[PDB]
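**Student:** Heads up: the sequence shown runs through residues 0 to 64, 68 to 230, numbered per the entry's author numbering.
A virtual CB, placed ideally from N, CA and C, is assigned to each residue, including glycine.
One structure, pasted below without further comment.
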Amino acid sequence: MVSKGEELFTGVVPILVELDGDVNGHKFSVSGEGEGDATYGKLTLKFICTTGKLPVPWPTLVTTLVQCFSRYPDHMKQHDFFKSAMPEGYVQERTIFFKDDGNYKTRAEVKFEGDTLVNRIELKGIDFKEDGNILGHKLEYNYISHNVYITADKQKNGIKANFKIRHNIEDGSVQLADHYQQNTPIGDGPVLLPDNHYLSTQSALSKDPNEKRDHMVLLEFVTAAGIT
(Lines of atoms letter the chains of each structure in order from A and count residues from 1; the text may use other names and numbers.)
(Lines give C-alpha, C1' and ligand atoms only; values in the text may rest on other atoms or scores of the structure.)
Protein backbone atom coordinates (compact mmCIF):
# COMPACT_ATOMS: atom_id res chain seq x y z
CA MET A 1 0.00 0.00 0.00
CA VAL A 2 0.83 3.69 -0.39
CA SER A 3 -1.35 4.54 2.61
CA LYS A 4 -0.51 5.16 6.25
CA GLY A 5 -2.42 5.41 9.52
CA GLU A 6 -6.14 6.21 9.42
CA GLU A 7 -6.17 6.30 5.55
CA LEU A 8 -5.77 2.49 5.54
CA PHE A 9 -9.19 2.12 7.22
CA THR A 10 -11.58 4.22 5.11
CA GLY A 11 -13.28 1.18 3.46
CA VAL A 12 -13.81 -2.52 4.26
CA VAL A 13 -10.54 -4.25 5.13
CA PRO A 14 -9.91 -8.06 5.14
CA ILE A 15 -8.77 -9.53 8.44
CA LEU A 16 -6.73 -12.68 9.16
CA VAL A 17 -6.21 -13.94 12.70
CA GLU A 18 -3.81 -16.71 13.72
CA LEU A 19 -3.52 -17.95 17.31
CA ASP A 20 -1.28 -20.61 18.86
CA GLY A 21 -2.26 -21.52 22.41
CA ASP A 22 -1.22 -23.84 25.23
CA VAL A 23 -3.55 -24.32 28.26
CA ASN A 24 -3.73 -27.29 30.73
CA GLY A 25 -1.21 -29.29 28.70
CA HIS A 26 -3.34 -28.86 25.54
CA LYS A 27 -1.75 -27.15 22.54
CA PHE A 28 -4.25 -25.70 20.09
CA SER A 29 -4.51 -23.40 17.12
CA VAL A 30 -7.22 -21.05 15.88
CA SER A 31 -7.55 -19.33 12.50
CA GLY A 32 -9.99 -16.55 11.78
CA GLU A 33 -11.10 -14.64 8.70
CA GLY A 34 -13.44 -11.77 8.06
CA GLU A 35 -13.58 -8.06 7.52
CA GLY A 36 -13.59 -4.74 9.37
CA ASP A 37 -15.29 -1.42 8.54
CA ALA A 38 -13.91 1.21 10.90
CA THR A 39 -16.20 3.95 9.59
CA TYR A 40 -19.08 2.09 11.31
CA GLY A 41 -16.99 0.32 13.96
CA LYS A 42 -18.13 -3.01 12.48
CA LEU A 43 -16.29 -6.39 12.56
CA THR A 44 -17.49 -9.70 11.14
CA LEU A 45 -15.28 -12.78 11.71
CA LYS A 46 -15.44 -16.55 11.73
CA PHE A 47 -12.91 -18.49 13.83
CA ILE A 48 -12.05 -22.19 13.48
CA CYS A 49 -10.10 -24.42 15.87
CA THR A 50 -7.74 -26.14 13.46
CA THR A 51 -6.46 -28.74 15.95
CA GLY A 52 -9.85 -30.37 16.83
CA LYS A 53 -11.78 -29.49 19.99
CA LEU A 54 -10.95 -26.16 21.53
CA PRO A 55 -9.74 -26.92 25.11
CA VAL A 56 -11.14 -23.68 26.58
CA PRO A 57 -14.51 -21.96 26.13
CA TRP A 58 -14.78 -19.79 22.99
CA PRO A 59 -16.05 -16.74 24.96
CA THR A 60 -12.75 -16.64 26.93
CA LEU A 61 -10.82 -16.03 23.68
CA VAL A 62 -12.94 -13.22 22.23
CA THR A 63 -10.83 -10.35 23.62
CA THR A 64 -7.60 -12.05 22.50
CA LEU A 65 -8.82 -12.83 19.01
CA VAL A 66 -8.08 -5.67 16.41
CA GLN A 67 -9.03 -2.44 18.11
CA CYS A 68 -7.81 -0.54 15.05
CA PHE A 69 -11.34 -1.16 13.68
CA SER A 70 -12.95 1.00 16.41
CA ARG A 71 -15.10 3.91 15.26
CA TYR A 72 -13.51 7.06 16.65
CA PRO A 73 -15.90 10.05 16.59
CA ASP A 74 -14.53 12.98 14.56
CA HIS A 75 -14.00 15.01 17.78
CA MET A 76 -11.85 12.15 19.15
CA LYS A 77 -9.78 11.17 16.06
CA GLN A 78 -6.61 12.68 17.65
CA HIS A 79 -6.86 9.92 20.31
CA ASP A 80 -6.76 6.87 17.96
CA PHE A 81 -3.46 5.19 18.74
CA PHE A 82 -4.31 1.94 17.03
CA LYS A 83 -4.68 3.27 13.48
CA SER A 84 -1.77 5.69 13.87
CA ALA A 85 0.64 2.76 14.26
CA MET A 86 -0.32 1.28 10.87
CA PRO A 87 0.81 -0.20 8.54
CA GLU A 88 3.89 -1.22 10.59
CA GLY A 89 1.60 -2.15 13.45
CA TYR A 90 1.69 -2.69 17.18
CA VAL A 91 2.39 -5.30 19.77
CA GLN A 92 -0.57 -6.05 22.06
CA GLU A 93 0.20 -7.83 25.31
CA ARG A 94 -2.23 -8.91 28.02
CA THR A 95 -2.52 -10.78 31.24
CA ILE A 96 -6.09 -11.93 31.80
CA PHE A 97 -6.72 -12.92 35.41
CA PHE A 98 -9.64 -15.29 35.96
CA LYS A 99 -10.78 -14.66 39.53
CA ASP A 100 -10.18 -17.72 41.80
CA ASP A 101 -8.64 -19.52 38.84
CA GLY A 102 -5.79 -19.29 36.32
CA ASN A 103 -4.44 -16.60 33.98
CA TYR A 104 -3.93 -16.15 30.24
CA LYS A 105 -0.73 -14.44 29.09
CA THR A 106 -1.01 -13.20 25.50
CA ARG A 107 1.32 -11.52 23.00
CA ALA A 108 0.14 -10.44 19.57
CA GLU A 109 1.45 -8.50 16.60
CA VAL A 110 -1.18 -6.58 14.64
CA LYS A 111 -0.03 -5.22 11.27
CA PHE A 112 -0.79 -5.02 7.55
CA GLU A 113 0.42 -7.71 5.15
CA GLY A 114 -0.56 -6.15 1.84
CA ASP A 115 -4.29 -5.35 1.92
CA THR A 116 -4.96 -7.65 4.88
CA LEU A 117 -4.90 -6.68 8.54
CA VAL A 118 -3.23 -9.56 10.38
CA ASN A 119 -3.38 -10.44 14.09
CA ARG A 120 -0.83 -13.15 15.02
CA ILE A 121 -1.14 -14.28 18.65
CA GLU A 122 0.58 -16.57 21.16
CA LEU A 123 -1.38 -17.51 24.28
CA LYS A 124 -0.18 -19.35 27.42
CA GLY A 125 -2.47 -20.54 30.23
CA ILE A 126 -1.11 -20.52 33.80
CA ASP A 127 -2.39 -22.51 36.80
CA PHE A 128 -6.01 -23.22 35.83
CA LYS A 129 -8.22 -25.44 38.03
CA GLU A 130 -9.25 -28.67 36.33
CA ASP A 131 -12.67 -28.48 38.04
CA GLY A 132 -13.06 -24.70 37.46
CA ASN A 133 -15.25 -22.73 35.06
CA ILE A 134 -12.71 -22.48 32.27
CA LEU A 135 -11.46 -26.06 32.11
CA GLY A 136 -14.87 -27.44 32.98
CA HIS A 137 -16.36 -25.67 29.88
CA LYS A 138 -19.05 -24.22 32.22
CA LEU A 139 -19.44 -20.85 30.42
CA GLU A 140 -22.42 -19.82 28.43
CA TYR A 141 -22.00 -19.01 24.76
CA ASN A 142 -22.88 -15.38 25.02
CA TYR A 143 -21.19 -12.06 25.85
CA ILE A 144 -22.21 -9.23 28.22
CA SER A 145 -19.30 -6.82 28.78
CA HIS A 146 -18.63 -3.70 26.74
CA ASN A 147 -15.99 -1.16 28.01
CA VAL A 148 -12.19 -0.95 27.64
CA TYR A 149 -10.58 1.91 29.57
CA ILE A 150 -7.56 3.38 27.77
CA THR A 151 -4.73 5.57 29.09
CA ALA A 152 -1.52 6.78 27.48
CA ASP A 153 1.80 5.18 28.30
CA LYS A 154 3.99 8.00 26.99
CA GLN A 155 7.29 6.51 28.24
CA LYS A 156 6.68 3.50 25.95
CA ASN A 157 5.16 5.56 23.11
CA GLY A 158 1.97 3.55 23.55
CA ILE A 159 -1.10 2.84 25.65
CA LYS A 160 -2.35 0.73 28.49
CA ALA A 161 -5.84 -0.50 29.13
CA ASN A 162 -7.70 -2.22 31.94
CA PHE A 163 -11.18 -3.73 32.08
CA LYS A 164 -13.13 -6.57 33.67
CA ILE A 165 -15.06 -9.05 31.58
CA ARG A 166 -17.98 -10.95 33.09
CA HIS A 167 -18.59 -14.45 31.73
CA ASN A 168 -21.96 -15.99 32.61
CA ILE A 169 -21.71 -19.53 33.98
CA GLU A 170 -24.37 -22.22 33.33
CA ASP A 171 -25.47 -22.31 36.99
CA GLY A 172 -26.28 -18.55 37.02
CA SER A 173 -22.99 -17.46 38.64
CA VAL A 174 -20.46 -15.19 36.91
CA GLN A 175 -16.75 -15.68 36.27
CA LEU A 176 -14.73 -12.45 36.33
CA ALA A 177 -11.74 -11.95 34.01
CA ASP A 178 -9.61 -8.83 34.72
CA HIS A 179 -7.68 -7.69 31.65
CA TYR A 180 -4.41 -5.77 31.83
CA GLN A 181 -3.30 -4.62 28.41
CA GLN A 182 -0.32 -2.79 26.90
CA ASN A 183 0.24 -1.74 23.32
CA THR A 184 3.48 -0.47 21.79
CA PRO A 185 4.34 0.43 18.19
CA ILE A 186 6.44 -1.98 16.12
CA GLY A 187 7.95 0.83 14.07
CA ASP A 188 10.00 3.88 14.87
CA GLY A 189 7.49 6.44 13.68
CA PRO A 190 5.08 8.62 15.62
CA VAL A 191 1.79 7.56 17.13
CA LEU A 192 -1.17 9.37 18.60
CA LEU A 193 -0.97 9.26 22.39
CA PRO A 194 -4.50 9.59 23.71
CA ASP A 195 -6.22 11.33 26.58
CA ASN A 196 -8.18 8.94 28.81
CA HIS A 197 -11.16 7.44 27.06
CA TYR A 198 -12.91 4.14 26.50
CA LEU A 199 -14.04 1.78 23.78
CA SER A 200 -17.61 0.53 23.99
CA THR A 201 -18.26 -2.85 22.34
CA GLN A 202 -21.59 -4.51 21.35
CA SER A 203 -21.38 -8.13 20.31
CA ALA A 204 -23.02 -11.24 19.14
CA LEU A 205 -21.62 -14.81 19.19
CA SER A 206 -23.21 -17.38 16.88
CA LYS A 207 -22.61 -20.63 14.99
CA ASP A 208 -22.48 -21.55 11.30
CA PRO A 209 -25.04 -24.36 10.90
CA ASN A 210 -22.99 -25.98 8.08
CA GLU A 211 -19.67 -25.99 9.95
CA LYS A 212 -18.62 -29.30 11.51
CA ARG A 213 -15.30 -27.92 12.93
CA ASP A 214 -15.25 -26.35 16.39
CA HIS A 215 -15.84 -22.66 15.61
CA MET A 216 -17.22 -19.24 16.53
CA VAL A 217 -18.91 -16.57 14.43
CA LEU A 218 -18.56 -13.05 15.78
CA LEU A 219 -20.26 -9.74 14.96
CA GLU A 220 -18.98 -6.69 16.83
CA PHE A 221 -19.62 -2.96 16.91
CA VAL A 222 -17.01 -0.85 18.64
CA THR A 223 -17.14 2.92 19.32
CA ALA A 224 -14.72 5.22 21.17
CA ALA A 225 -16.35 7.44 23.84
CA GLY A 226 -15.83 9.36 27.07
CA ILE A 227 -14.51 12.70 25.82
CA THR A 228 -17.21 15.42 25.84
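(1) Inspect the beta-carbon positions of residue 141 and residue 170 and report whether they are closer than 8 Å.
(2) Taking the alpha-carbon positions, what's the residue 2 to residue 189 distance?
(3) For the beta strand (DSSP E) holding residue 223, just list the boundary residues, first then last.
(4) Quick check on DSSP: helix, strand or coil for residue 82?
(5) Below 8 Å on the Cβ atoms is my contact criterion, and I expect residue 162 with residue 155 to pass it. Report the Cβ-Cβ distance as a whole number of Å.
(6) Just reading off the beta strand (DSSP E) that residue 186 is part of, what are its end residues?
(7) Per DSSP, what kind of secondary structure is residue 13 in: helix, strand or coil?
(8) Between residue 28 and residue 49, which are expected to be in contact by the criterion C-beta below 8 Å, what is the C-beta distance as a whole number of angstroms?
(9) What are the boundary residues of the beta strand (DSSP E) that includes residue 42?
(10) Residue 32 to residue 220, Cα distance in whole Å?
(11) If distances are taken between C-alpha atoms only, which option among 148, 200, 40, 229 comes closest to residue 61?
(12) Between residue 143 and the rest of its own chain, which residues show a CB-CB distance below 7 Å, the 5 nearest in sequence each way excluded?
(13) Run through DSSP, which three-state label would residue 139 get?
(14) Helix, strand or coil: how does DSSP classify residue 76 here?
(15) Does the distance from the C-beta atom of residue 200 to that of residue 146 stay below 8 Å?
(16) Mapping the DSSP letters down to three states, classify residue 33 as helix, strand or coil.
**Tutor:** Let me lay it out:
(1) Position 139 of the sequence shown, counted from the first residue, corresponds to residue 141. Position 168 of the sequence shown, counted from the first residue, corresponds to residue 170. Residue 141 is a Cβ neighbour of residue 170, given a cutoff of 8 Å.
(2) Here the question's residue 2 lines up with position 3 in the sequence shown. Here the question's residue 189 lines up with position 187 in the sequence shown. Each residue's Cα considered, the two are about 15 Å apart.
(3) Against the sequence shown, residue 223 aligns to sequence position 221. 217 to 227 is the extent of the beta strand (DSSP E) around residue 223.
(4) Walking along the sequence shown from the start, residue 82 turns up at place 80. In the structure shown, residue 82 sits in coil (DSSP, three-state: anything other than H, G, I, E or B).
(5) Numbered from 1 along the sequence shown, position 160 holds the residue referred to as residue 162. Numbered from 1 along the sequence shown, position 153 holds the residue referred to as residue 155. The Cβ separation is near 5 Å, so the contact holds.
(6) In the sequence shown, the residue the question calls residue 186 occupies position 184. First-last of the beta strand (DSSP E) with residue 186: 176 to 187.
(7) Numbered from 1 along the sequence shown, position 14 holds the residue referred to as residue 13. Residue 13: strand per DSSP, three-state reduction.
(8) As a working note, residue 28 is residue 29 in the sequence shown. As a working note, residue 49 is residue 50 in the sequence shown. Sure, about 5 Å apart at Cβ, within 8 Å.
(9) If you number the sequence shown from 1, residue 42 lands on position 43. Judged by DSSP secondary structure, residue 42 falls within the beta strand (DSSP E) whose first and last residues are 41 to 48.
(10) Translated into positions along the sequence shown, residue 32 becomes position 33. Translated into positions along the sequence shown, residue 220 becomes position 218. Going by the C-alpha atoms only, they are around 10 Å apart.
(11) As a working note, residue 61 is residue 62 in the sequence shown. Out of 148, 200, 40, 229, the CA that lies nearest to the CA of residue 61 is found in 148.
(12) Position 141 of the sequence shown, counted from the first residue, corresponds to residue 143. In the same chain as residue 143, and ignoring 5 residues on each side of it, the C-beta atoms closer than 7 Å to its own belong to 57, 58, 207, in chain order.
(13) Here the question's residue 139 lines up with position 137 in the sequence shown. For residue 139, the three-state secondary structure derived from DSSP is coil.
(14) In the sequence shown, residue 76 corresponds to position 74, counting from 1. Looking at residue 76 - three-state DSSP - the assignment turns out to be helix.
(15) Position 198 of the sequence shown holds residue 200. Position 144 of the sequence shown holds residue 146. By the CB criterion at 8 Å, residue 200 and residue 146 fall outside the cutoff.
(16) In the sequence shown, counting from the first residue as 1, residue 33 sits at position 34. Annotated three-state conformation of residue 33 is strand, per DSSP.
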